[PDB]
Structure formats: C-alpha cells, structure tokens
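Below sits a lone chain in structure tokens, taken as the form deposited in one PDB entry.
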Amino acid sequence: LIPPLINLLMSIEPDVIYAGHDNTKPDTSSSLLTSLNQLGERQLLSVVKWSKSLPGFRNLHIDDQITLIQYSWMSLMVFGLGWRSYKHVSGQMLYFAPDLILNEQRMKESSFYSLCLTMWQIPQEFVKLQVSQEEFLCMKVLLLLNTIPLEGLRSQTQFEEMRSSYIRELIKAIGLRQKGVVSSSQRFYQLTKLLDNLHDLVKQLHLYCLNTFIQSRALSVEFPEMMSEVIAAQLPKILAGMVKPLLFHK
C-alpha cells in the first residue's frame, strides 16, 4: 500500500492550471513569452498554496518559508513542466498547460528554442528512468528544500529534520517498485543525482529569466506582479552564487 505521507502529497497536488492562452492568434515571441509569464504567475500562487499544506513546511520560521520558495520556484516549475510533459505527451512536447503545449514548430526564436531543449532534459530523464508518481512527489519536496542561504536557515534544525523525513519517504517510494537493497540503492543514487544535476540546469533558466526581465520593455514581454517580486527579491543574488545548493553526491 501507499505510505500515508505519499498519499497526502498526492492529495495536495494542485488542480489543472490553465495559461489563459488565446489560441486564436498565432504567437509572436512577445505574446508567447507573455503567456508563459501569465502561467508562471498562476503557478507561483499554486506553489505557495501547496506549501501551506505540505507537512512540516508551515512550522519552519516564516522567513525560511519565503526564502525557500523564492530560491526554488523556478526549479519547482520546470520540474512540474517535466512531469506534465512525461505524463501527458510521453516527454515529446512541453506541456506547460492544457492550453499551452509547445512542439518544436512553435519554438521559432533561437534563444527560446535553446532554453526549451535545456528544459526538455527533465522529461527525457523521467522517460528513461520511468519515474513514478510517488518518487516524483518526494523529489519535488526535496527540490523545495534543496538550496539554503550561505548562513543557513533560522529554523535549521527543523529544516534538517524535514529534509531527512522526505529523504526517507523517497526511499519508501522507491521501495514500492525496486525490490532488493542493491536495486533500491542504485535507484536512490540515480534519483538523487538527477536532483543534484538540476542545480546546473536551473542556472540556465535563471539567467534567461533575468535577461528577459531586464529587457522586458524592449521585448514587449509582460512580467506579472508576484513573479516580478520573487525575481527582484532574490534572482540576482542566486545567480551570483551567494546561496548554498545542497548536494546528495560529491
């Protein structure tokens, strides 16, 4: 049977989030990017709502909760993109939302296409490894908790215990399917290495974001208010490497 924390994680997953994308026009660069940012705004709200129901998270110092969301939001979004792409279209298109699904044809602009190829690595890996829902849900919590400030968190003890609890839960999720301690251990290595490797992937998205944000008026790309604040609050600092990514492996 499914362990209870994993069932709970299933229960607190967000409902379907639409981009509000007007698929009557053809997209220019600016309209496509504006629509993705609009979806991003809706997804950021969803992430904060999700965190309020995530066992353990609400008990961290509020400053730590805000910090962790501000550090991890891009990571959580691209990881979720990967999941939806894996689930709905077998990793072969990028399933941003049910009203915003991009195939290669719709990826005209050079830099955005390159960004998409980077993002595509996640669903490709989900397909290759045959990641389960139970594994995904635990890994997703670990991503929220995968980067801390250089000086640590105010609730560092609580945070460490929470992170340990979800590591143990990933081990249970793996154990649902991987039988044998070697197969299970090898799988744990694989899934945690994927998370380690996400730090490098997300750096590329961070840079793209800040570039687009700084150039937003010139590119005619709208950045809604909540996303603008998360970007302004932490992205330059994160990009400068003044944070501590946590790694499972050396």
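Residues that one form lacks are left out of the comparison. By rigid core we mean the largest C-alpha set that fits within 1.5 Å across both forms. Don't overthink the numbering: it's just position in the shown sequence, from 1.
One more form of this protein, deposited in another entry, exists but is not displayed; see below.
When the two forms are superposed on their rigid core between this form and the one not shown, the C-alpha shift of 2 Å or more among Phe57, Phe188, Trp50, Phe213 belongs solely to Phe213. With the core held fixed, the Cα of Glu109 is displaced between this form and the one not shown by 2 Å or more. In the core-superposed comparison between this form and the one not shown, the C-alpha atom of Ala240 has shifted by at least 2 angstroms. In the other form, the CA atoms of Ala233 and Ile69 sit farther apart than in the displayed form, by at least 3 angstroms. By 3 Å or more, the C-alpha separation between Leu235 and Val48 grows in the other form relative to the form shown here.
Core-based superposition between this form and the one not shown shows that the consecutive residues, three or more at a time, whose C-alphas shift by 2 angstroms or more lie in 107-111, 213-218, 227-241.
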